[PDB]
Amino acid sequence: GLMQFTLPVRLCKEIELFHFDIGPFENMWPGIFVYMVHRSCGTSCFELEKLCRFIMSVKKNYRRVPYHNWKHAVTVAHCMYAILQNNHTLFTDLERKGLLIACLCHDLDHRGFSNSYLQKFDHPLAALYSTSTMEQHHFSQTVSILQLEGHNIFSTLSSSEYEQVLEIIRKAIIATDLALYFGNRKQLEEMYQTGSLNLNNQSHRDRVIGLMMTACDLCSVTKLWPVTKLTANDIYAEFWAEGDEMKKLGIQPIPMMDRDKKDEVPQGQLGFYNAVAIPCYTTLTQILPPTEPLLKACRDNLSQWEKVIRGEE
């Protein structure tokens, strides 16, 4: 109390932009997160001692995989922060509180494998959670960490405020299951077009917060081209390892996961931008107009993948 986090000038300003890159200095990421909570939620949302202890236990439970790591957690929270700060007055006090935490926690204890690999390996998590296998695990890890002594950042909330925030976080985290995204965006499309979209309807906020989660989760496609391209390398490093593991189980992996089919990456990025990213950011921009720079940067990065195919890089 009276203790602002502040950042150096270039970060203080660039952090407000959608395309911000949190940088290679790991020891600055926790401070970057606290700075975003303090400015998004207020310096009174969380007891600093408890928040710091929660952040460090969350960090310790991300693994050293090439993509689904602690840098991803904080990257997906920064995007969510930019959305919240550019749409200040559309979100409740409890939403602003839950959603950044949801983003920090959304991939907790990920191992670098798809729900499909879990299910074909017959991993124990695939018997406990038949659909959204990893995403039910991530929420489960969030509640475990919140119940450690000194880790309950939500202590000051009423019984009912506490239940509403754990439920915002659960739905936020489940929505990051891209299998759920296609149906969620189709329904959001129809509802905005027929004019039936209603932000007082809790089931409508739910869908809208779910789309925000998919947008933040995919936010490597909204960065400066060299961030986009270099993150892609991490992303394939996991897909190809998964593919290698599929081959070990006696299963031909999908092309996306086969390191033998590297040559086709450019065209696979095009499919993903056209089938997933662009429609995601299009529908999001319709509903929250100030998110348009996510759409515009996604478009620039698609045209960069096109250039790759055309031999221009």
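The first residue of the sequence shown is number 1, and the count goes up from there. C-alpha atoms forming the largest set that superposes within 1.5 Å between two forms make up the rigid core.
- Of the two segments 25-33 and 276-284, the one whose CA positions lie farther from the displayed form in 7 other deposited structures of this protein, once all are superposed on the rigid core, is 25-33.
- For the pair 233-241 and 120-128, rigid core superposition yields a higher RMS C-alpha distance in 7 other deposited structures of this protein in 120-128.
- Here the stretch with the larger average CA B-factor, out of 94-102 and 216-224, is 94-102.
- Comparing 163-171 with 190-198, the stretch with the higher mean C-alpha B-factor in the PDB entry is 190-198.
- For the set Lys261, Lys247, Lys59, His68, the PDB entry assigns the largest Cα B-factor to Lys261.
- Across the options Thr156, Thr75, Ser114, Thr142, the residue with the most elevated CA B-factor in the record is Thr156.
- Sorting the modelled residues of the chain by their CA temperature factor places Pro253 in the highest third.
- When the modelled residues of the chain are ordered by their C-alpha B factor, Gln136 lands in the lowest third.
- In the PDB entry, a CA B factor belonging to the middle third of its chain's modelled residues is recorded for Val276.
- For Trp29, the recorded CA temperature factor ranks within the lowest third of the chain's modelled residues.
- Sorting the modelled residues of the chain by their CA temperature factor places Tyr81 in the middle third.
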